[PDB]
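Remarks on the structure that follows.
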RNA sequence: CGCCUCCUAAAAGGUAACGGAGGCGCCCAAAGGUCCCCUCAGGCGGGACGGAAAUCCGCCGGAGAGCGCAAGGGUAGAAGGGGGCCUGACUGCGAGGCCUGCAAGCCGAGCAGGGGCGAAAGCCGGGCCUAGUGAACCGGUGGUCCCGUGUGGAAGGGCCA
């Protein structure tokens, strides 16, 4: 008396908003304070000279510097801002 | 079969090549053109062999009951969480080092395999130890 | 009292060079002397809190300077694997001389003293030649009388020695404070 | 309503500053500090329900 | 049927699916400041009330114990474990950037008043961080002391909190 399918909605209600962060400011490019560079939800980044780590593990330009990519090899990743020009 | 005390529900699907080769006793069954193979079928061979071999002196192993295959529903219409666990087996694809001993000493072992796999499920080949292997 | 003080002073001062070169021939070093001594006892869970905790007091006290308050069962021994922080650290880490009139008073003046108190203990320290042996019953009246029926008993102390390897350490407190039988 | 209720700071009749706060542990106990725009900084006090 | 975390986004970033998984719609009055100290679990060997596992001694160790809460990132060159003193979990504010079409949400040197931790080289405009969140109307209260429908006041009302 009525063979038509059957209920079946087990459920995987999963979700994660999109995001940002990362290696976000190109070699050498003109990098001014206020200008953010590389955000890290960790510590792949050590705020070297003029590199200001914001109250969030966010690499922000502390000075008018040329984009200073300072991978200090093994010490870890070290970010730096070079004395303008 | 055996893929006991797993950890997750299911895998996914692909295939192409891997890392099976060696030897391990000199009574070898190597796949060639497969993919996953029923843990069962597997046991099948296991049997086949075991029995043939005057029914005693142990064979060895090879692959494992590896993944969880799901036909999900039972035959419904499709949209389940794709849930349902059901058939568990091997994932061997490029002629793989399938290793089986016993002490047959011969084309007797041969037969054993012959059927085991002839059976099992694919284009495959068999042999012994052909170019040793040096580790650290 | 200060009597046995001068005592340990000498026991060791002389015994030291004594065996020191008797076998050493290194340079009269801590080959093999003894330094500082911590003492530990029957953990707070042995508690009643106010009562036997204060008794732990009396005792730790007249014994070597330090005497228990009221807190001995937190994060509780509870049921088997049932325990949290560890607010029951009741011990004396006193460091030197006091310690020596102690090697004295203690080992050499209270050693055998109560119920079959013999001492026929194998490899006393042995865990690197530094201590081992704590006794499982107070020096009864190392002072005080009935100031608690069960009062205390789980007693065990430890010395920080340099008596390096055993045989050596053995020479050390063996003749210095008595090596309990085989 | 939970052990989390909102209060705010006011200062010796010469201002009031805000901020929420709680209820739990030491409950009422509510002096605190803060600084109003009164004078240049100044105690303040806090309390105020 | 809103948000955080991991996979699939396939290597920039970034994307469905009735695709996998799994948490939050709390608080923490001091896990909020800073100054001074300390420094894991676990392995082994030796030990009172032990007695697989406390407490203490003796070694050993890319730190896998740890950080309210889930994941992930980080990370004891401690954000982690302990002591002292204290409120900036400040108002005025910010240049200049993250992402975003909307509004959002988010990062912040430095100038001012004003303090607090050291003697100070300086840190502090809440926490170790990524979730604890809600326009607009409407109306309340603590202001303020701007407006008042001739003028004085006032019902009432504009901006602040």
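Protein chains in written order, with UniProt numbering: chain S, 1 to 85; chain D, 6 to 141; chain V, 1 to 182; chain E, 6 to 54.
Just so it is clear, CB atoms sit at the ideal spot from N, CA and C, and this is done for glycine as well.
By the DSSP assignment, the alpha helix (DSSP H) with residue i in it spans what residues?
| i | result |
| --- | --- |
| residue 124 of chain D | 112–124 |
| residue 177 of chain V | 166–177 |
| residue 80 of chain S | Residue 80 of chain S -> not in any alpha helix (DSSP H); beta strand (DSSP E) instead, spanning 76–83. |
| residue 117 of chain V | From DSSP, residue 117 of chain V is part of no alpha helix (DSSP H); its letter is neither H nor E. |
| residue 97 of chain V | 97–102 |
| residue 9 of chain V | 2–23 |
| residue 54 of chain D | 44–57 |
What does DSSP give as the partner residues of residue i in its beta bridges?
| i | result |
| --- | --- |
| residue 52 of chain V | None; residue 52 of chain V has no bridge partner. |
| residue 157 of chain V | V:39 |
| residue 37 of chain E | E:51 |
| residue 103 of chain D | D:34 |
| residue 73 of chain D | D:93 |
| residue 125 of chain V | DSSP output for residue 125 of chain V lists no bridge partner at all. |
| residue 43 of chain E | Bridge partners of residue 43 of chain E: none, in fact. |
| residue 36 of chain S | S:60 |
| residue 29 of chain V | In DSSP, residue 29 of chain V forms no bridge with anything. |
| residue 70 of chain S | S:78 |
| residue 61 of chain D | Note: residue 61 of chain D sits in no beta bridge, so no partner. |
| residue 66 of chain D | D:104 |
| residue 91 of chain V | V:40 |
Compare the C-beta of residue i against all C-beta atoms of chain S and say whether one is closer than 8 Å.
| i | result |
| --- | --- |
| residue 166 of chain D | Here chain D covers residues 6 to 141 and nothing more, so residue 166 of chain D does not appear. |
| residue 76 of chain D | no |
| residue 86 of chain D | yes |
| residue 16 of chain D | no |
| residue 82 of chain D | yes |
Any C-beta of chain D sitting closer than 8 Å to the C-beta of residue i?
| i | result |
| --- | --- |
| residue 46 of chain S | no |
| residue 8 of chain S | yes |
| residue 49 of chain S | no |
| residue 24 of chain S | no |
| residue 82 of chain S | no |
| residue 11 of chain S | yes |
| residue 5 of chain S | yes |
Distance, Cα to Cα, residue i vs residue j?
| i | j | result |
| --- | --- | --- |
| residue 13 of chain V | residue 123 of chain V | 25 Å |
| residue 108 of chain D | residue 32 of chain D | 8 Å |
| residue 45 of chain E | residue 35 of chain E | 23 Å |
| residue 64 of chain S | residue 40 of chain E | 36 Å |
| residue 99 of chain V | residue 48 of chain V | 30 Å |
| residue 95 of chain V | residue 134 of chain V | 18 Å |
| residue 85 of chain S | residue 62 of chain S | 16 Å |
| residue 75 of chain S | residue 82 of chain S | 20 Å |
| residue 57 of chain V | residue 113 of chain V | 22 Å |
| residue 19 of chain V | residue 152 of chain V | 38 Å |
| residue 23 of chain S | residue 34 of chain S | 16 Å |
| residue 110 of chain V | residue 78 of chain V | 36 Å |
| residue 101 of chain D | residue 17 of chain S | 43 Å |
| residue 117 of chain D | residue 110 of chain D | 11 Å |
| residue 16 of chain E | residue 37 of chain E | 10 Å |
| residue 43 of chain E | residue 13 of chain E | 17 Å |
| residue 47 of chain E | residue 23 of chain E | 15 Å |
| residue 172 of chain V | residue 66 of chain V | 28 Å |
| residue 79 of chain S | residue 13 of chain S | 40 Å |
| residue 27 of chain S | residue 57 of chain S | 20 Å |
| residue 73 of chain S | residue 43 of chain S | 14 Å |
| residue 9 of chain E | residue 25 of chain E | 9 Å |
| residue 32 of chain S | residue 50 of chain S | 10 Å |
| residue 41 of chain D | residue 28 of chain D | 21 Å |
What is the C-beta distance between residue i and residue j, in whole angstroms, given that I count them as a contact (C-beta under 8 Å)?
| i | j | result |
| --- | --- | --- |
| residue 155 of chain V | residue 41 of chain V | 5 Å |
| residue 88 of chain V | residue 43 of chain V | 6 Å |
| residue 78 of chain D | residue 22 of chain D | Going by Cβ atoms, the distance from residue 78 of chain D to residue 22 of chain D rounds to 32 Å, so no, they are not a contact pair. |
| residue 38 of chain D | residue 120 of chain D | In fact, because the Cβ distance is near 19 Å, the residues do not count as touching under 8 Å. |
| residue 125 of chain V | residue 37 of chain V | So it is not a contact: roughly 12 Å between Cβ atoms. |
| residue 71 of chain V | residue 53 of chain V | 7 Å |
Can you name the start and end residues of the beta strand (DSSP E) that residue i belongs to?
| i | result |
| --- | --- |
| residue 61 of chain S | 58–61 |
| residue 46 of chain S | 45–47 |
| residue 69 of chain V | Segment: none, residue 69 of chain V is in no beta strand (DSSP E) and carries neither H nor E. |
| residue 27 of chain E | 21–28 |
| residue 29 of chain S | 28–31 |
| residue 14 of chain E | 9–16 |
How about residue i: is its Cβ closer than 7 Å to a heavy atom in the ligand SAM?
| i | result |
| --- | --- |
| residue 109 of chain V | Ligands are entirely absent from the displayed structure, and the ligand SAM is therefore not among its contents. |
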